[PDB]
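**Student:** Enclosed is the structure file model_24.txt (compact mmCIF, C-alpha atoms).
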```txt
# COMPACT_ATOMS: atom_id res chain seq x y z
CA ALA A 1 -107.27 -47.28 83.09
CA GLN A 2 -107.95 -50.97 83.76
CA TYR A 3 -106.83 -52.10 80.33
CA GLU A 4 -103.70 -50.29 79.15
CA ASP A 5 -101.62 -50.43 76.01
CA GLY A 6 -98.37 -52.20 76.87
CA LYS A 7 -100.04 -54.06 79.73
CA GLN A 8 -102.63 -56.65 78.62
CA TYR A 9 -101.97 -55.87 75.00
CA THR A 10 -99.69 -53.89 72.74
CA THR A 11 -100.75 -51.86 69.72
CA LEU A 12 -99.30 -52.43 66.26
CA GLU A 13 -97.30 -49.47 64.98
CA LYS A 14 -98.32 -50.61 61.55
CA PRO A 15 -101.94 -51.86 61.63
CA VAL A 16 -103.02 -54.57 59.20
CA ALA A 17 -106.01 -53.87 56.96
CA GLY A 18 -108.68 -56.45 56.13
CA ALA A 19 -107.18 -58.76 58.75
CA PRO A 20 -109.30 -61.55 60.33
CA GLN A 21 -111.20 -60.25 63.37
CA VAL A 22 -109.58 -62.65 65.84
CA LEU A 23 -106.33 -64.08 64.48
CA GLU A 24 -104.35 -66.67 66.46
CA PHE A 25 -100.86 -68.06 65.59
CA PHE A 26 -99.32 -71.28 66.89
CA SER A 27 -96.81 -74.07 66.23
CA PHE A 28 -97.06 -77.74 67.14
CA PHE A 29 -93.42 -77.30 68.32
CA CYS A 30 -94.38 -74.39 70.60
CA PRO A 31 -94.48 -75.37 74.32
CA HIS A 32 -96.89 -72.66 75.52
CA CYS A 33 -99.06 -73.47 72.52
CA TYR A 34 -99.39 -76.99 73.90
CA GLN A 35 -100.52 -75.55 77.23
CA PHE A 36 -102.89 -73.08 75.47
CA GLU A 37 -104.51 -75.95 73.67
CA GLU A 38 -104.54 -78.84 76.15
CA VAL A 39 -104.45 -77.27 79.63
CA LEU A 40 -105.94 -73.78 79.14
CA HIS A 41 -108.28 -74.17 76.13
CA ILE A 42 -107.65 -70.51 75.26
CA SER A 43 -109.27 -70.52 71.83
CA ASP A 44 -112.31 -72.13 73.28
CA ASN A 45 -112.78 -69.73 76.15
CA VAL A 46 -112.21 -66.71 73.93
CA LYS A 47 -114.95 -67.92 71.54
CA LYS A 48 -117.32 -68.30 74.51
CA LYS A 49 -116.92 -64.59 75.33
CA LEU A 50 -116.70 -63.13 71.86
CA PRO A 51 -119.82 -61.28 70.74
CA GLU A 52 -121.19 -62.93 67.72
CA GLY A 53 -120.92 -62.18 64.12
CA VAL A 54 -117.23 -62.54 65.09
CA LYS A 55 -115.22 -65.22 63.29
CA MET A 56 -112.15 -66.83 64.75
CA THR A 57 -109.00 -67.79 62.81
CA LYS A 58 -106.06 -70.00 63.78
CA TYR A 59 -102.86 -70.38 61.75
CA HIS A 60 -99.71 -72.51 62.00
CA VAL A 61 -96.23 -71.00 61.50
CA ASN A 62 -93.00 -72.06 59.80
CA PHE A 63 -90.27 -70.61 62.02
CA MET A 64 -90.13 -73.54 64.48
CA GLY A 65 -88.94 -77.07 63.72
CA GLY A 66 -87.36 -76.39 60.33
CA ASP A 67 -88.44 -78.86 57.63
CA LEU A 68 -91.06 -80.55 59.77
CA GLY A 69 -92.31 -77.12 60.80
CA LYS A 70 -93.24 -76.41 57.17
CA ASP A 71 -94.82 -79.85 56.76
CA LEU A 72 -96.93 -79.09 59.80
CA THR A 73 -98.03 -75.79 58.26
CA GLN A 74 -99.14 -77.63 55.09
CA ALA A 75 -100.93 -80.31 57.24
CA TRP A 76 -102.79 -77.61 59.11
CA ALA A 77 -103.88 -76.25 55.68
CA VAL A 78 -105.14 -79.78 54.97
CA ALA A 79 -106.93 -79.84 58.31
CA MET A 80 -108.60 -76.47 57.59
CA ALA A 81 -109.66 -77.45 54.06
CA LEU A 82 -111.24 -80.72 55.24
CA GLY A 83 -112.57 -79.17 58.41
CA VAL A 84 -110.91 -81.70 60.71
CA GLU A 85 -108.97 -79.30 62.97
CA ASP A 86 -110.71 -80.58 66.08
CA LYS A 87 -109.76 -84.17 65.36
CA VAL A 88 -106.04 -83.72 64.68
CA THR A 89 -105.01 -80.86 66.95
CA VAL A 90 -104.52 -82.92 70.05
CA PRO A 91 -102.70 -85.92 68.45
CA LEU A 92 -100.41 -83.59 66.48
CA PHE A 93 -99.42 -81.77 69.67
CA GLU A 94 -98.86 -84.99 71.56
CA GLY A 95 -97.05 -86.64 68.64
CA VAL A 96 -94.64 -83.73 68.37
CA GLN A 97 -94.09 -82.86 72.04
CA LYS A 98 -95.27 -85.71 74.29
CA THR A 99 -94.57 -89.04 72.60
CA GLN A 100 -92.23 -87.62 69.96
CA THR A 101 -93.48 -90.05 67.34
CA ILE A 102 -93.83 -87.39 64.68
CA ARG A 103 -90.57 -87.17 62.79
CA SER A 104 -91.61 -86.96 59.15
CA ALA A 105 -94.49 -86.00 56.89
CA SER A 106 -95.51 -89.66 56.79
CA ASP A 107 -95.90 -89.61 60.56
CA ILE A 108 -98.07 -86.48 60.35
CA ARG A 109 -100.13 -88.32 57.74
CA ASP A 110 -100.59 -91.31 60.16
CA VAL A 111 -102.24 -88.99 62.69
CA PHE A 112 -104.89 -88.01 60.11
CA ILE A 113 -105.40 -91.69 59.08
CA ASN A 114 -105.86 -92.72 62.67
CA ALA A 115 -108.33 -89.85 63.13
CA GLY A 116 -110.24 -91.44 60.28
CA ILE A 117 -109.48 -89.22 57.30
CA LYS A 118 -108.98 -91.52 54.32
CA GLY A 119 -105.56 -91.83 52.70
CA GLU A 120 -106.89 -90.92 49.28
CA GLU A 121 -108.68 -87.91 50.77
CA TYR A 122 -105.63 -86.70 52.71
CA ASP A 123 -103.15 -87.12 49.84
CA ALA A 124 -105.48 -85.38 47.40
CA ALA A 125 -105.89 -82.44 49.84
CA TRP A 126 -102.12 -82.36 50.58
CA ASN A 127 -101.38 -81.95 46.89
CA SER A 128 -104.21 -79.57 46.05
CA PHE A 129 -103.79 -75.93 44.92
CA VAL A 130 -106.58 -75.13 47.37
CA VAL A 131 -104.16 -76.19 50.11
CA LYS A 132 -101.29 -74.33 48.38
CA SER A 133 -103.16 -70.99 48.62
CA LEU A 134 -104.22 -71.90 52.16
CA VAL A 135 -100.50 -72.28 53.04
CA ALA A 136 -99.87 -68.92 51.32
CA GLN A 137 -102.52 -67.31 53.54
CA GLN A 138 -100.95 -68.63 56.72
CA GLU A 139 -97.61 -67.25 55.68
CA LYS A 140 -98.99 -63.91 54.46
CA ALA A 141 -100.90 -63.31 57.70
CA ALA A 142 -97.80 -64.02 59.79
CA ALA A 143 -95.61 -61.95 57.50
CA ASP A 144 -98.11 -59.07 57.76
CA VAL A 145 -97.70 -58.81 61.52
CA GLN A 146 -93.95 -59.10 62.04
CA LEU A 147 -94.35 -62.52 63.71
CA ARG A 148 -91.30 -63.88 65.55
CA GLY A 149 -93.10 -65.61 68.38
CA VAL A 150 -95.96 -67.89 69.25
CA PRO A 151 -98.50 -68.33 70.77
CA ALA A 152 -99.83 -65.02 69.46
CA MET A 153 -103.25 -63.47 69.10
CA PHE A 154 -104.19 -60.39 67.08
CA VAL A 155 -107.50 -58.59 67.18
CA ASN A 156 -108.85 -56.52 64.26
CA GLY A 157 -105.39 -56.24 62.67
CA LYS A 158 -104.46 -53.71 65.33
CA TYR A 159 -103.98 -55.20 68.79
CA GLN A 160 -101.78 -58.02 70.03
CA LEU A 161 -102.46 -59.93 73.27
CA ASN A 162 -99.77 -59.61 75.92
CA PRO A 163 -100.10 -62.64 78.27
CA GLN A 164 -96.84 -61.73 80.05
CA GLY A 165 -98.83 -58.86 81.61
CA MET A 166 -101.48 -61.07 83.32
CA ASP A 167 -101.43 -63.09 86.58
CA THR A 168 -100.33 -66.77 86.40
CA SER A 169 -100.89 -67.72 90.05
CA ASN A 170 -104.09 -69.34 88.88
CA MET A 171 -104.60 -70.89 85.47
CA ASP A 172 -108.36 -70.28 85.45
CA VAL A 173 -107.91 -66.64 86.29
CA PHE A 174 -105.31 -66.28 83.56
CA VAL A 175 -107.66 -67.63 80.91
CA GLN A 176 -110.57 -65.35 81.87
CA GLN A 177 -108.31 -62.34 81.98
CA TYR A 178 -107.05 -63.36 78.58
CA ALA A 179 -110.55 -63.85 77.15
CA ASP A 180 -111.98 -60.67 78.71
CA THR A 181 -109.07 -58.79 77.18
CA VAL A 182 -109.95 -60.20 73.78
CA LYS A 183 -113.59 -59.18 74.30
CA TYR A 184 -112.53 -55.68 75.37
CA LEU A 185 -110.28 -55.25 72.32
CA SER A 186 -113.05 -56.65 70.15
CA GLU A 187 -115.45 -53.90 71.28
CA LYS A 188 -112.79 -51.22 70.98
```
Produce structure tokens that represent the structure in this file.

**Tutor:**
Amino acid sequence: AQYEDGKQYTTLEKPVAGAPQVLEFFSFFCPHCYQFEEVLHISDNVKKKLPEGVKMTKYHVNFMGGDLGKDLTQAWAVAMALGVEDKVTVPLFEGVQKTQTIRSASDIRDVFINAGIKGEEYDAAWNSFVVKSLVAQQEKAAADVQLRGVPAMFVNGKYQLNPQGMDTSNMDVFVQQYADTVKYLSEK
């Protein structure tokens, strides 16, 4: 066939029930994640080709960057709760990987302040049980799917994107192949 298990995707031996329709995992420490976000705009291009009625989920992971890695997972919970993902995603990536000015939780906090979230608002979120359970969700979803690497995308708790099996000659062609694969798996 044109799409084949083990080629553009793999199938989970142990499917996950009730899983988000389109579930994406990343880390602000993850180099290809930086590319996916800033150069390729993967999430964006997938959304553009998803049918609708389909919701898209993106979670941060703990297994990169030790202590700061966990702080970043809590900060992404804060971002999700306040709905400011699209204001902090780029400066977090650049702060961690480009300028390397993010070295502590306080530095993560500065990124939100500069994006215009108020201190009071951020610290209240940070400390909220609503964020606590939001951190729990991120961990549970990753734990559910045997996650040892990012970037990662899972469709319908059953399929996992396999970007290694797509052409990289051309970044535009890579993205469309990637998005079309998500669409295909979506309709499966």

**Student:** Using only C-alpha atoms, which protein or nucleic acid residues come within 9 Å of residue A:104? Drop anything in the same chain fewer than 4 positions from it, and give the result as a PyMOL selection string.

**Tutor:** chain A and resi 67-68+71+108-109

**Student:** With a distance cut-off of 7 Å and all atoms listed in the file, select the neighbouring residues of stretch 15-32 of chain A, excluding the residue or stretch itself and same-chain residues fewer than 3 positions from it, and output the selection as JSON, numbers by chain.

**Tutor:** {"A": [12, 35, 36, 54, 55, 56, 57, 58, 59, 60, 61, 64, 65, 92, 93, 96, 97, 144, 150, 151, 152, 153, 154, 155, 156, 157, 158]}

**Student:** Neighbours of residue A:90 within 10 Å (all atoms listed in the file; same-chain residues fewer than 6 positions away dropped), as a ChimeraX atom specification?

**Tutor:** /A:28,34,37-38,111

**Student:** Have a look at atom CA of residue A:123 and atom CA of residue A:102 and let me know their distance in Å, one decimal.

**Tutor:**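 Taking atom CA of residue A:123 and atom CA of residue A:102, their separation equals 17.5 Å.
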
**Student:** Got a sec: who's within 7 Å of residue A:11, counting all atoms listed in the file, leaving out chain neighbours fewer than 2 positions off, as a list in words?

**Tutor:**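 Near neighbours after the sequence-gap exclusion: residues 5, 9, 13, 158, 159 and 160 of chain A.
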
**Student:** Of the residues A:165, A:170, A:91, A:98, which is the one nearest to residue A:110, using all atoms listed in the file?

**Tutor:** A:91

**Student:** Tell me, in Å to one decimal, how far atom CA of residue A:42 is from atom CA of residue A:4.

**Tutor:**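 One can read the atom CA of residue A:42 to atom CA of residue A:4 distance as 21.0 Å.
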
**Student:** Missing atoms in stretch 25-51 of chain A: fill them in up to N, CA and C atoms and send the result as a tab-separated table (two decimals), in the coordinates of the input.

**Tutor:**
```
chain	number	residue	atom	x	y	z
A	25	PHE	N	-101.99	-67.34	66.19
A	25	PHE	CA	-100.86	-68.06	65.59
A	25	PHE	C	-100.27	-69.08	66.56
A	26	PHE	N	-99.96	-70.27	66.05
A	26	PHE	CA	-99.32	-71.28	66.89
A	26	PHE	C	-98.33	-72.16	66.11
A	27	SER	N	-97.60	-73.00	66.84
A	27	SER	CA	-96.81	-74.07	66.23
A	27	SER	C	-96.98	-75.34	67.05
A	28	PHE	N	-96.97	-76.49	66.40
A	28	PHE	CA	-97.06	-77.74	67.14
A	28	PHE	C	-95.75	-78.00	67.89
A	29	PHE	N	-94.73	-77.19	67.62
A	29	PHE	CA	-93.42	-77.30	68.32
A	29	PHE	C	-93.36	-76.35	69.53
A	30	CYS	N	-94.35	-75.49	69.63
A	30	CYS	CA	-94.38	-74.39	70.60
A	30	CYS	C	-94.96	-74.85	71.94
A	31	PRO	N	-94.12	-74.87	72.99
A	31	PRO	CA	-94.48	-75.37	74.32
A	31	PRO	C	-95.66	-74.68	74.99
A	32	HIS	N	-95.73	-73.35	74.94
A	32	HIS	CA	-96.89	-72.66	75.52
A	32	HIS	C	-98.12	-72.89	74.68
A	33	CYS	N	-97.93	-73.16	73.39
A	33	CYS	CA	-99.06	-73.47	72.52
A	33	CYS	C	-99.71	-74.78	72.96
A	34	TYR	N	-98.88	-75.72	73.37
A	34	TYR	CA	-99.39	-76.99	73.90
A	34	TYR	C	-100.29	-76.76	75.12
A	35	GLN	N	-99.78	-75.98	76.05
A	35	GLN	CA	-100.52	-75.55	77.23
A	35	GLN	C	-101.84	-74.83	76.84
A	36	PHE	N	-101.74	-73.87	75.93
A	36	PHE	CA	-102.89	-73.08	75.47
A	36	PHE	C	-103.99	-73.98	74.94
A	37	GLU	N	-103.56	-75.04	74.26
A	37	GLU	CA	-104.51	-75.95	73.67
A	37	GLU	C	-105.02	-76.95	74.71
A	38	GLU	N	-104.11	-77.69	75.34
A	38	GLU	CA	-104.54	-78.84	76.15
A	38	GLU	C	-104.90	-78.54	77.60
A	39	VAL	N	-104.23	-77.57	78.22
A	39	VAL	CA	-104.45	-77.27	79.63
A	39	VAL	C	-105.38	-76.07	79.82
A	40	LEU	N	-105.18	-75.03	79.01
A	40	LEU	CA	-105.94	-73.78	79.14
A	40	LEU	C	-107.16	-73.62	78.23
A	41	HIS	N	-107.16	-74.26	77.06
A	41	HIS	CA	-108.28	-74.17	76.13
A	41	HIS	C	-108.62	-72.70	75.83
A	42	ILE	N	-107.57	-71.95	75.51
A	42	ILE	CA	-107.65	-70.51	75.26
A	42	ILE	C	-108.63	-70.20	74.16
A	43	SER	N	-108.43	-70.81	72.99
A	43	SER	CA	-109.27	-70.52	71.83
A	43	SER	C	-110.72	-70.71	72.18
A	44	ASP	N	-110.96	-71.75	72.96
A	44	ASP	CA	-112.31	-72.13	73.28
A	44	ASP	C	-112.98	-71.09	74.17
A	45	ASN	N	-112.24	-70.63	75.16
A	45	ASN	CA	-112.78	-69.73	76.15
A	45	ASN	C	-112.93	-68.32	75.59
A	46	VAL	N	-112.07	-67.97	74.64
A	46	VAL	CA	-112.21	-66.71	73.93
A	46	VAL	C	-113.52	-66.73	73.15
A	47	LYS	N	-113.70	-67.74	72.31
A	47	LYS	CA	-114.95	-67.92	71.54
A	47	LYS	C	-116.19	-67.74	72.42
A	48	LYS	N	-116.21	-68.39	73.57
A	48	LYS	CA	-117.32	-68.30	74.51
A	48	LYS	C	-117.64	-66.85	74.93
A	49	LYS	N	-116.66	-65.95	74.87
A	49	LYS	CA	-116.92	-64.59	75.33
A	49	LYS	C	-116.97	-63.59	74.19
A	50	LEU	N	-116.57	-64.01	73.00
A	50	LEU	CA	-116.70	-63.13	71.86
A	50	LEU	C	-118.16	-62.85	71.60
A	51	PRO	N	-118.47	-61.60	71.21
A	51	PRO	CA	-119.82	-61.28	70.74
A	51	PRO	C	-120.04	-62.17	69.55
```
